[PDB]
Amino acid sequence: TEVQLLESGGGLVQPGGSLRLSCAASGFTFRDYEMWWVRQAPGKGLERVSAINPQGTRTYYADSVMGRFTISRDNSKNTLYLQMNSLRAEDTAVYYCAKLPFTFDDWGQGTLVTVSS
Amino acid sequence: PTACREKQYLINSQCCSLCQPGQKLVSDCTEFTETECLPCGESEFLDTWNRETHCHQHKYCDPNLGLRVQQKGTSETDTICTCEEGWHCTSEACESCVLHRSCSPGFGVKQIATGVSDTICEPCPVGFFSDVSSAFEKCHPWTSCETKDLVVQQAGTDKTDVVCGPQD
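Residues numbered from 1 in each chain as written, not as in the entry; some residues may be left out. Chains lettered and ligands numbered in written order. Heavy atoms only, no water. Residues with missing side-chain atoms left out of burial classes, pairs and counts.

- Per the deposition metadata, X-ray crystallography was the technique used to determine this entry, at a resolution of 3.30 Å.

Structure follows, in structure tokens:
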């Protein structure tokens, strides 16, 4: 397992806030693989948030996050991103980034997101 | 001589009876004796009516691979594995765990949400194609060369939007 994905830029934020998750990939031809953002919370147990194609032309979003969240990538910088704006309590979760097969090797270490008041 | 019934196997002129599932071969039947078969350990199993002399060891679902045991393996049945919950089994053989399946080139998508753990794929309709394996993307329509160009070969499901050209 030589695939390494490093999550960055999580944290606590007030409702209506913004956060830009950064998933720094290494160990594979990032430019060739379709990518995902998934969130996991106790009780809310796993939810597929967003998806992006290798080029960045096509994207997928869960209805829940649509219009507020934004998937992106810089293939020359080999980093995956999530611009999460207009944040709500429901988004409180541990967010993870993927790699097309979607096996155990293919996963980022995660980053925690919490809202409160 | 020859022919031999199903559940028989034949060897050096005699029509011998095969070992039943969960039993290994020890001796070929003679003119006076029936085929000597013996059971497998509750580690080992045997799939079919056989003439195999060594039982196959059970599957082993490694939790550190997201695998759990669905069906416990018997002396005549291999251990049937299953993926965690949010994930589906990478193949019919429950061997690896994937978050979700990826809809191979000639197919589009209809989405994953668990325990509906797979992505429900659609064969490309006429006039549509999909290249690449994608967990989210749908089939896309062919490009109309027509716009100051002429179609030289066509696409269809797998193949990229009608290559071209030109001619007109």
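What follows picks up the thread again.
1. Here we look at unusual backbone geometry
Residue and element names in this part refer to chain B.
- The peptide bond linking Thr114 to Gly115 adopts the cis configuration, its omega dihedral lying at 0°.
- Examined against the element boundaries, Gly115 turns out to sit in the loop between strand 9 (107-109) and strand 10 (121-123).
- Here the bond from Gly165 into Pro166 is cis, since omega is 5°, no more than 30 degrees from zero.
- At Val163, a residue that is not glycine, the phi angle is positive and equals roughly 30°.
- If you trace the backbone, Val163 turns up in the segment after strand 12 (140-141).
- With phi around 50°, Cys164 is a residue other than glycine that occupies positive phi space. (Helix = DSSP H or I, 4+ residues; strand = E, 2+ residues; numbered from the N terminus.)

2. Quick look at the UniProt feature "disulfide bond" in chain B
Residues and elements named next belong to chain B.
- At 2.0 Å between sulfur atoms, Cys40 and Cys55 form the disulfide that UniProt records. Here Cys40 is found in the loop between strand 2 (36-39) and strand 3 (44-45), whereas its partner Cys55 is found in the loop between strand 3 and strand 4 (56-57), with 15 residues between them in sequence. The same class applies to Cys40 and to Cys55, which are both buried. (Disulfide = S-S within 2.5 Å. UniProt positions renumbered as here; feature names shortened; annotations may be inferred. Buried < 20%, exposed > 50% of the residue type's maximum accessible area, 1.4 Å probe, protein only.)

3. Some details on the interface of chain A and chain B
- Listed as interface residues are 17 residues of chain A and, on the opposing side, 19 residues of chain B.
- Contributing elements (two or more residues each) for the side of chain A that touches chain B: strand 4 (35-40), strand 5 (47-52) and strand 6 (59-61) of chain A.
- Here the residues of the side of chain A that touches chain B sort into 11 nonpolar, 3 polar and 3 charged. (Contact = heavy atoms within 4.5 Å. Nonpolar A, V, L, I, M, F, W, Y, C, P; charged D, E, K, R; others polar.)

4. Describing the nonpolar core
- Formed by 27 residues in total, the largest nonpolar core has its most connected members in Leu5, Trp37, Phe69, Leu80, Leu82, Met84 and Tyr95 of chain A.
- The biggest single contributor to this core is strand 3 (residues 19-26) of chain A, with 4 residues.
- With residues up to four places along the chain from it excluded, the contact list for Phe69 of chain A reads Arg39, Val49, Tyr61, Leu82, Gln83, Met84, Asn85, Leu87, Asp91 and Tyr95 of chain A.
- Counting residues in hydrophobic clusters, the runner-up holds 20 residues, among them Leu46 and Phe102 of chain A together with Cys83 and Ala135 of chain B. (Core = buried A, V, L, I, M, F, W, Y, C linked by side-chain atoms within 4.5 Å.)

5. Observations regarding the pattern of salt bridges
- Applying the stated criterion to the full structure yields 7 salt bridges over all chains.
- Notably, a salt bridge pairs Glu47 of chain A with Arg39 of chain A, separated by 3.3 Å at the nearest N-O pair.
- The exposure class assigned to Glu47 of chain A is partly exposed, which follows from its relative accessible area of 24%.
- Judged by relative accessible area, which is 3%, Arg39 of chain A ranks as buried.
- Among the ionic pairs, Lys110 of chain B bridges to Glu122 of chain B, the shortest N-O distance being 3.4 Å. With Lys110 of chain B in the loop between strand 9 and strand 10 and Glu122 of chain B in strand 10, the pair connects residues that are 12 residues apart, well separated along the chain.
- Given a relative accessible area of 51%, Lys110 of chain B falls into the exposed group.
- Overall, the relative accessible area of 37% leaves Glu122 of chain B in the partly exposed class.
- Connected via shared salt-bridge partners are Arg39, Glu47, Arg68 and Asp91 of chain A. (Salt bridge = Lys/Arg side-chain N within 4 Å of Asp/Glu carboxyl O.)

6. As for the state of the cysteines
Residues and elements named next belong to chain B.
- For the coordinates displayed, the defined rule picks out 11 disulfides over all chains.
- With its sulfur 2.0 Å from that of its partner, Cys83 forms a disulfide with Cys97. For the disulfide bridge between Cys83 and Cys97, the dihedral angle about the S-S bond is near -120°, and by the sign convention the bridge is left-handed. Here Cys83, found in strand 6 (residues 80-83), pairs with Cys97, found in strand 8 (residues 97-98); they are 14 residues apart in sequence, far enough to count as distant.
- Under the relative-accessibility criterion, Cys83 is labelled buried at 7%.
- For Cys97, a relative accessible area of 3% puts it in the buried group.
- A sulfur-sulfur distance of 2.0 Å marks the disulfide that ties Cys89 to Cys94. The sign of the 135° torsion about the S-S bond sets the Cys89-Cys94 disulfide as right-handed.

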